[PDB]
C-alpha cells in the first residue's frame, strides 16, 4: 500500500554494491546525503537533503513494503532516531507524507525507516510481498543468541 503523500514516488540509484533509495515529490528528491552507509550506522548520524531530480533515478514498485515499514513506524514512535536534515528540507513532512501537522522530526524518522528498510531489503534481495517480508522480520527480531 501507499507510503506517504498521493504523488510521492519511491526512487533509487543503483550503486552496484547497494541500491540507494530516496523519495521524489514533483522534481524534488529527498534522500540521505551520505553513501557511506557503514559510517552512518557506526556514528548514529544521518542527514537528509533535498536535491533536484537529475533525470537518473529509477522508480520502485512499492508493492507491500508498507507491511514491513509499518512495524517500525509503530515500534519507534516515541524513540529518538539518528536522522537530521539540511536547511533545504523545511517542507519534507508535507511533501513526503501530505501532513502539515506532522513535525519535520517525525517525518525524518518515518522516512528514514522507509529508506533504510528499502535499502536493507534490496541488499538481501527480499521481494516486497507480505510473506517474504514477514519471514525477514521474524529473523531480524529473533533473539540474538538463538
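Residue numbers count along the first chain shown, from 1.
Undergrad: On average, which has the higher Cα B-factor in the deposited entry, 117-125 or 96-104?
TA: 96-104 has the higher mean C-alpha B-factor.
Undergrad: Can you tell me whether 24-32 has a higher mean C-alpha B factor than 83-91 in this record, or the other way round?
TA: It is 83-91.
Undergrad: Residue 39's Cα B-factor: lowest, middle or highest third of the chain?
TA: CA B-factor rank for residue 39: lowest third.
Undergrad: Splitting the chain's C-alpha B-factors into thirds, which one does residue 46 fall into?
TA: As the PDB entry reports it, the C-alpha B-factor of residue 46 lands in the highest third of its chain.
Undergrad: When the modelled residues of the chain are sorted by Cα temperature factor, does residue 59 land in the lowest, middle or highest third?
TA: Middle third by C-alpha B-factor.
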